[PDB]
Each structure stands twice: as C-alpha cells, then as structure tokens.
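This document starts with two versions of one protein chain, written out as structure tokens and named structure 1 and structure 2.
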Structure 1
C-alpha cells in the first residue's frame, strides 16, 4: 500500500526515532514529506503515543499547521505523510533578512497564535512550541509560518486541566509544569511569550546553564527588559509579553485574546518599524547555540 501509493526519496531530516524523507504520490507526482517510524521494537505504550499523534494531526486542518494527508500502517513501519514545507525554520530565515522589525515579529506571532488557537479550539495542547517547530511553507518572502511536530501534543477535554506529565523543552517550560501542577492550554501561551521575547531581542528570557537555576527563574517569572536593547521596543510589545509570561495560568492571556492585542491586530499602527540589527545578530548566535543541542533548548528525552 505505502510503496504502491508513494515513492520515497531523500532524507530531509530526522527525530529521536523517526526519519523524514521527501516522497511523491503515485502516479500524480505530487510531493510530500513522509515521517517514517520504525515500529518493530516499540512497546504498546509507545505505539499508543504514535496513535495519539496520528489522531491529533488528522484532526488539524489550518493554513498555519503542517497538514497530515495520510497515516499508513505497514509491517514494522508507520508512515505519516505531511505537506512538504521548503522554507526551513522561521528563525534561520529571520537572520538572513536585510530588514527586520517588530512589525515582522508581529506578523509571525500572529500566524503562530492562529495555529495555537486552532489547536486549542480543537482540544489540542502542543506542549513544545519552539523555533524548531515553526517552519516556513516555502522560500517565498510571503511564506506562511506553519506549526509542526505534534509528537508531544495532548488532547484536553474542554478547559479541564490535568497532570499530563513533565514533557517539553526546558527553556520554554511553564511554571505550572515545573511545579507538578495540573495544566492545559495556557502552557502554550507561556511558550509563545518566550518565543516572542526571543523574536524581539534574539536571546531567551530565562537562561541559566544550571538547569536548577533555570527552573527557579521560570517559576519565579524572573525575566526583565534590560537596556539598551529593550529601550527601543514599544510598550505594547512588552505588555503582550507580560500577559503571556504570567505565572498564574488562569490569568495568563489566551490565544484568542492575544489575537485581539493591539500589537497584533493593529500591527501597522502599533508595532515598531525600526530595523533591529542587534536582534538579527543575537538570533544568529541563538540559532547557532540551538544547533549545538544540549540541556536548555533541546526537547527533553
């Protein structure tokens, strides 16, 4: 069925137990990305996580989410056939731009928030919002940002919270997760705050090479807007970051709310248009740091 319906070509990239190869639908020649999961040695419990991801991805159909077209089961191998995206990471793209302002960062965050809101409307919490999962659909200057990798996503029932587990990437983890408290949709809005922060200045709000002091920072909500770099950032941008980086997740801004924040919905009159070279230079260093993997910026095993 799989080799009758698709033809696998080169490897695009990988995961901690999955390869992604470009593929073409037979006989139409249409391209997709196939995520290939070797299932021969998987536990039932691990296969159930694959079942969850396939199920969640089949539900989600949105301009800013990489669409799953097909979930094929064969003997020892499962295939998740996704839309192909050729623009790479949003964050790598930003560093190659000649001109980058708050209005650009707003444009990005707006798309990210539309995808998060669609997830949340459909009872899905992503739990690992991070630059790695934010890909441009194509290399076009106009390309949509698309949300990827639902390998850690959970299905919530309405606005009921639960102890879904300690899962995610340290630098982007929310206080309630770290606290071993019940959680839900708000954890994705904390993660967006962190991403927005890094989108404006190019370094993370919570940073310490000692994982323990990293978590104490997060739980205390101890981030600031230091000079000179934040001095040129609009009050409205900081206000949004503040509303997302609220320790009490009940009082944290929702995705829908964040889409009506003036910095987002009134971008053209509220977001600063000044080039932020120093951000592009910092993002360069940030991205380079991320490439090295290790403790803070890498999804927890």
Structure 2
C-alpha cells in the first residue's frame, strides 16, 4: 500500500502508463511506470519480475535510475528519477548549432549505457529514439536510456532465438531471419540511430514494411551525395562497423568506445553545422508521432 499512501499522482508522460508523481514526504518528483497485474499469467508474472530485477541492477549515469519497486493489489509501480530534458531527438531539432562532434557526444553516451547493459548480461532489444531521454540542461543534459520491459538476461555470449522483439526500422538482420541472437542486436540499433543523428533520415526505409525488411537483411544502406559529402570518413567507418550483417564481425559497445571518431572527437569529428540534418530530423520526428 506504499505508493497510494506516499505518492501524489500527476499527469501522464507516455501495457503500461508512465505518470509524473511526487513523493508526499520529501516533495521530490518521480516518474512512475504503472502496470496492471490483475489476472496475469505465470509467464506475465515472470516478465514483470524480470523487468523489476533488471531495473534494480542497472545503475549508470546514462540509464534511468530506479528509486522504488512497489507491488500493491492489482497494480505494480516502478518508480524512477524524473528526467525533464525531453526526448533526445526533440532537443536536437531545437539547436541552432549541431555538428558531427555533437552527434559523437550523443552516441558516446548511448554506447556507454549499452556497454553497461552488456557487461551486466542484459540485452535491451528495443533501442529507439523514444527510449532516449535527456537530463535537464541544469543537470548536465546526459542521455538516459529508458524502459527495460523487453530486455532479456543472457549468460556471457550465450545466444539463442529469444523470440521476436523490437521496432521495424531498428530490427537487426538476425532477428528478421529468426536466427539466434544476443548483444549485437543493440549495436545494430545503435548504428541506425547514429545514421539518423548525422543526416536526419533512417538508413533503411520503405513504406512497404516487407521491402523494408528485405533491405535490412541485405544490409543495403548507402551515403548518398550531397549531404554525406561533408561527413568525415571516420564517421562513415563507425556506421559500417555497426551495420555489419554478420553479428560476429559487428563492432561491440566497448570496441566502439575506442573508435577514433568517439574517443578523439575534437580532432576527428567535423565541427561544421549541419542545418540539413536539423531540417530532415524535424520531418523525421513529425512522422513518428503520426
């Protein structure tokens, strides 16, 4: 009965609902993921127990921070620290200066959170812009990876067909083939996001979802002129190593954190403003919210 007694519920933030709330004792504000637990199957009870366990384990500057896990009658509450910077992609389209260096800084933080997940045997499986939140500018504006409702626990490099999961534009070739998979599926999603961060449109796309899947399984993206002519070759190289259809050859999160475009940002990444990326990303964000 701890949540109904100690928290005041506010407006909705986004099989669950996320609502802002305030702890009545201290006045601190939080984000509460509310899950209806009535008439759940044994399989449903185990998925929710897995989610609360994963959220309790992951403590990292670039991951949402679990504050409390409260089980009342009919409902379960996962209470996180409230981040107020908004979605990452909405913050980028509001910038008047945005360069490769800024994209490298964003993807470095995302890579840090994915690396932290993989070191703890967790594969997120659903990396996408809607799961990339921001701390407030007054708090450092760190990128925050959110929502582990679809995450799985793996043993080292053990890989199997853990079933389907993910969002069409970010699905890896091995999941589309129904092959066994594991950690590299998060790195493929990181490659799609890095592509979007540079030009503001996705590398694989077709209004026909089946043709979208055909392009993904072929790994057939490209860097068309003119917008890619000003992108450094090192940035293109990192995308190449992330969007490799062979999951064994695909770069890992810790390997990616040592790529020169990541760890040598000020001397390798271009500092030129990319206005066309901001304009395309405005179109990208509009379609995603339908």
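Positions refer to the first chain, counted from 1. The term rigid core refers to the maximal set of C-alpha atoms that superpose within 1.5 Å between the two forms.
Superposing the two forms on their core leaves just one of 216, 122, 140, 157 with a Cα displacement of at least 2 Å between the two structures, namely 140.
Comparing the forms between the two structures, the C-alpha position of residue 44 differs by 2 angstroms or more, with the core used for superposition. In the core-aligned comparison between the two structures, the Cα atom of residue 8 sits 2.1 Å away from its counterpart. Superposed on the rigid core, the forms differ at residue 27: its CA is offset by 1.1 Å between the two structures.
Taking the core as reference, the C-alpha deviation of residue 84 between the two structures is 0.4 Å.
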